[PDB]
file start.pdb (PDB, C-alpha atoms)
ATOM      1  CA  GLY Q  91     117.392 148.556 236.722  1.00  0.00           C
ATOM      2  CA  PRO Q  92     116.956 146.133 239.609  1.00  0.00           C
ATOM      3  CA  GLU Q  93     114.105 147.033 241.924  1.00  0.00           C
ATOM      4  CA  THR Q  94     113.605 145.810 245.483  1.00  0.00           C
ATOM      5  CA  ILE Q  95     110.118 144.645 246.449  1.00  0.00           C
ATOM      6  CA  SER Q  96     109.349 143.400 249.974  1.00  0.00           C
ATOM      7  CA  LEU Q  97     106.111 141.423 250.296  1.00  0.00           C
ATOM      8  CA  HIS Q  98     104.589 140.647 253.682  1.00  0.00           C
ATOM      9  CA  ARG Q  99     102.904 137.318 254.297  1.00  0.00           C
ATOM     10  CA  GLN Q 100      99.388 137.240 255.738  1.00  0.00           C
ATOM     11  CA  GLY Q 104     101.214 133.081 249.854  1.00  0.00           C
ATOM     12  CA  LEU Q 105     102.908 136.001 248.142  1.00  0.00           C
ATOM     13  CA  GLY Q 106     100.451 136.234 245.246  1.00  0.00           C
ATOM     14  CA  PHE Q 107     102.349 135.214 242.121  1.00  0.00           C
ATOM     15  CA  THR Q 108     103.514 132.251 240.082  1.00  0.00           C
ATOM     16  CA  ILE Q 109     106.852 131.771 238.319  1.00  0.00           C
ATOM     17  CA  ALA Q 110     108.043 130.198 235.083  1.00  0.00           C
ATOM     18  CA  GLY Q 111     111.529 129.269 233.946  1.00  0.00           C
ATOM     19  CA  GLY Q 112     114.658 127.877 235.510  1.00  0.00           C
ATOM     20  CA  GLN Q 113     117.522 125.686 234.368  1.00  0.00           C
ATOM     21  CA  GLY Q 114     116.089 122.597 232.697  1.00  0.00           C
ATOM     22  CA  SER Q 115     112.703 124.246 232.179  1.00  0.00           C
ATOM     23  CA  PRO Q 116     113.411 127.572 230.449  1.00  0.00           C
ATOM     24  CA  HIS Q 117     110.567 129.951 229.725  1.00  0.00           C
ATOM     25  CA  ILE Q 118     112.480 131.584 226.842  1.00  0.00           C
ATOM     26  CA  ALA Q 119     114.863 129.844 224.467  1.00  0.00           C
ATOM     27  CA  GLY Q 120     118.416 130.387 225.630  1.00  0.00           C
ATOM     28  CA  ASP Q 121     117.382 132.105 228.890  1.00  0.00           C
ATOM     29  CA  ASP Q 122     117.047 130.027 232.070  1.00  0.00           C
ATOM     30  CA  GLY Q 123     115.791 132.969 234.141  1.00  0.00           C
ATOM     31  CA  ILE Q 124     112.988 132.880 236.677  1.00  0.00           C
ATOM     32  CA  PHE Q 125     110.105 135.040 235.446  1.00  0.00           C
ATOM     33  CA  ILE Q 126     106.850 136.119 237.028  1.00  0.00           C
ATOM     34  CA  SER Q 127     104.092 134.373 235.082  1.00  0.00           C
ATOM     35  CA  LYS Q 128     100.939 135.565 236.866  1.00  0.00           C
ATOM     36  CA  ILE Q 129      99.905 138.056 239.539  1.00  0.00           C
ATOM     37  CA  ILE Q 130      97.146 136.399 241.584  1.00  0.00           C
ATOM     38  CA  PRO Q 131      94.118 138.673 242.178  1.00  0.00           C
ATOM     39  CA  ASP Q 132      93.378 139.844 245.720  1.00  0.00           C
ATOM     40  CA  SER Q 133      96.886 139.022 246.958  1.00  0.00           C
ATOM     41  CA  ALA Q 134      99.905 140.654 248.570  1.00  0.00           C
ATOM     42  CA  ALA Q 135     101.691 140.993 245.231  1.00  0.00           C
ATOM     43  CA  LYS Q 136      98.596 142.529 243.612  1.00  0.00           C
ATOM     44  CA  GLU Q 137      97.891 145.010 246.417  1.00  0.00           C
ATOM     45  CA  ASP Q 138     101.530 146.087 246.475  1.00  0.00           C
ATOM     46  CA  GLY Q 139     101.357 146.693 242.715  1.00  0.00           C
ATOM     47  CA  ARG Q 140     105.066 146.707 241.891  1.00  0.00           C
ATOM     48  CA  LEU Q 141     105.532 143.118 240.695  1.00  0.00           C
ATOM     49  CA  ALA Q 142     104.499 142.502 237.085  1.00  0.00           C
ATOM     50  CA  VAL Q 143     104.090 139.581 234.726  1.00  0.00           C
ATOM     51  CA  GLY Q 144     107.341 139.170 232.831  1.00  0.00           C
ATOM     52  CA  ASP Q 145     109.600 140.457 235.608  1.00  0.00           C
ATOM     53  CA  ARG Q 146     112.875 138.578 235.918  1.00  0.00           C
ATOM     54  CA  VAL Q 147     113.509 137.549 239.519  1.00  0.00           C
ATOM     55  CA  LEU Q 148     117.114 138.284 240.421  1.00  0.00           C
ATOM     56  CA  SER Q 149     117.086 137.368 244.093  1.00  0.00           C
ATOM     57  CA  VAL Q 150     114.935 136.129 246.955  1.00  0.00           C
ATOM     58  CA  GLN Q 151     116.132 137.041 250.461  1.00  0.00           C
ATOM     59  CA  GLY Q 152     119.414 138.106 248.878  1.00  0.00           C
ATOM     60  CA  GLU Q 153     120.057 134.715 247.259  1.00  0.00           C
ATOM     61  CA  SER Q 154     120.541 134.697 243.514  1.00  0.00           C
ATOM     62  CA  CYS Q 155     117.947 133.337 241.096  1.00  0.00           C
ATOM     63  CA  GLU Q 156     120.296 133.354 238.112  1.00  0.00           C
ATOM     64  CA  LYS Q 157     121.114 129.906 236.733  1.00  0.00           C
ATOM     65  CA  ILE Q 158     118.986 127.959 239.220  1.00  0.00           C
ATOM     66  CA  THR Q 159     116.331 125.335 238.693  1.00  0.00           C
ATOM     67  CA  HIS Q 160     112.611 126.008 238.953  1.00  0.00           C
ATOM     68  CA  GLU Q 161     112.507 123.755 242.018  1.00  0.00           C
ATOM     69  CA  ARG Q 162     115.207 125.791 243.760  1.00  0.00           C
ATOM     70  CA  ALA Q 163     113.298 129.005 243.051  1.00  0.00           C
ATOM     71  CA  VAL Q 164     110.103 127.515 244.506  1.00  0.00           C
ATOM     72  CA  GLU Q 165     112.039 126.462 247.616  1.00  0.00           C
ATOM     73  CA  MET Q 166     113.343 130.010 248.064  1.00  0.00           C
ATOM     74  CA  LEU Q 167     109.871 131.501 247.603  1.00  0.00           C
ATOM     75  CA  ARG Q 168     108.303 129.214 250.241  1.00  0.00           C
ATOM     76  CA  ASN Q 169     110.686 130.378 252.959  1.00  0.00           C
ATOM     77  CA  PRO Q 170     108.300 130.960 255.911  1.00  0.00           C
ATOM     78  CA  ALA Q 171     109.991 134.283 256.746  1.00  0.00           C
ATOM     79  CA  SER Q 172     108.148 137.571 256.252  1.00  0.00           C
ATOM     80  CA  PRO Q 173     108.608 139.841 254.510  1.00  0.00           C
ATOM     81  CA  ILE Q 174     110.125 138.121 251.506  1.00  0.00           C
ATOM     82  CA  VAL Q 175     112.502 140.554 249.808  1.00  0.00           C
ATOM     83  CA  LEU Q 176     112.600 140.211 246.025  1.00  0.00           C
ATOM     84  CA  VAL Q 177     114.877 141.980 243.582  1.00  0.00           C
ATOM     85  CA  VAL Q 178     113.464 142.019 240.054  1.00  0.00           C
ATOM     86  CA  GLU Q 179     114.013 143.453 236.582  1.00  0.00           C
ATOM     87  CA  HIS Q 180     110.832 144.863 235.112  1.00  0.00           C
ATOM     88  CA  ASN Q 181     109.869 144.365 231.477  1.00  0.00           C
ATOM     89  CA  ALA Q 182     112.541 141.676 231.402  1.00  0.00           C
ATOM     90  CA  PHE Q 183     110.517 139.291 229.240  1.00  0.00           C
ATOM     91  CA  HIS Q 184     109.657 142.084 226.794  1.00  0.00           C
ATOM     92  CA  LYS Q 185     113.276 143.294 226.931  1.00  0.00           C
ATOM     93  CA  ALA Q 186     114.443 139.739 226.203  1.00  0.00           C
ATOM     94  CA  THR Q 187     111.956 139.257 223.348  1.00  0.00           C
TER      95      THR Q 187
END

call {"tool": "encode", "arguments": {"input": "start.pdb", "output": "structure tokens"}}
result
Amino acid sequence: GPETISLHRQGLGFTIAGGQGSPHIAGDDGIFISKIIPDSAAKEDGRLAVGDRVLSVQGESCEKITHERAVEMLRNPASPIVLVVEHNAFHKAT
């Protein structure tokens, strides 16, 4: 199910793939975590995983949005940034 992950800024430590107009999976425009950066907030926290589907950032939905919109949400200067994700979402989808 959806899991809430709050990351505190000291970048958050991950990259994303996907979005409307640049899907990462055929037929699925979702925003997915594509890499956990070593020695980062996301890595130290340990919850976020490659393949997670990002459902929200700061409570705002990441379903059916463009990659650019997702990047904008993730560069909000606020801290912490509150993510809601689905784990194993890529593997579940494929």

call {"tool": "resolve_selection", "arguments": {"input": "start.pdb", "expression": "the PyMOL selection byres ((chain Q and resi 153-158) around 10)", "output": "number ranges by chain"}}
result
Q: 111-114, 121-125, 146-152, 159-163, 166, 175-178

call {"tool": "closest_residue", "arguments": {"input": "start.pdb", "among": "Q:183, Q:143, Q:93, Q:105", "to": "residue 126 (chain Q)", "atoms": "only C-alpha atoms"}}
result
Q:143

call {"tool": "resolve_selection", "arguments": {"input": "start.pdb", "expression": "the PyMOL selection byres ((chain Q and resi 174) around 6)", "output": "number ranges by chain"}}
result
Q: 96-97, 172-173, 175

call {"tool": "closest_residue", "arguments": {"input": "start.pdb", "among": "Q:185, Q:135, Q:180, Q:144", "to": "residue 104 (chain Q)", "atoms": "all atoms listed in the file"}}
result
Q:135

call {"tool": "closest_residue", "arguments": {"input": "start.pdb", "among": "Q:167, Q:98, Q:120, Q:141", "to": "residue 179 (chain Q)", "atoms": "all atoms listed in the file"}}
result
Q:141

call {"tool": "atom_distance", "arguments": {"input": "start.pdb", "atom1": "CA of residue 110 (chain Q)", "atom2": "CA of residue 129 (chain Q)"}}
result
12.2 Å

call {"tool": "closest_residue", "arguments": {"input": "start.pdb", "among": "Q:115, Q:187, Q:181, Q:127", "to": "residue 92 (chain Q)", "atoms": "only C-alpha atoms"}}
result
Q:181

call {"tool": "atom_distance", "arguments": {"input": "start.pdb", "atom1": "CA of residue 99 (chain Q)", "atom2": "CA of residue 170 (chain Q)"}}
result
8.5 Å

call {"tool": "atom_distance", "arguments": {"input": "start.pdb", "atom1": "CA of residue 95 (chain Q)", "atom2": "CA of residue 140 (chain Q)"}}
result
7.1 Å

call {"tool": "closest_residue", "arguments": {"input": "start.pdb", "among": "Q:186, Q:119, Q:91, Q:109", "to": "residue 142 (chain Q)", "atoms": "all atoms listed in the file"}}
result
Q:109
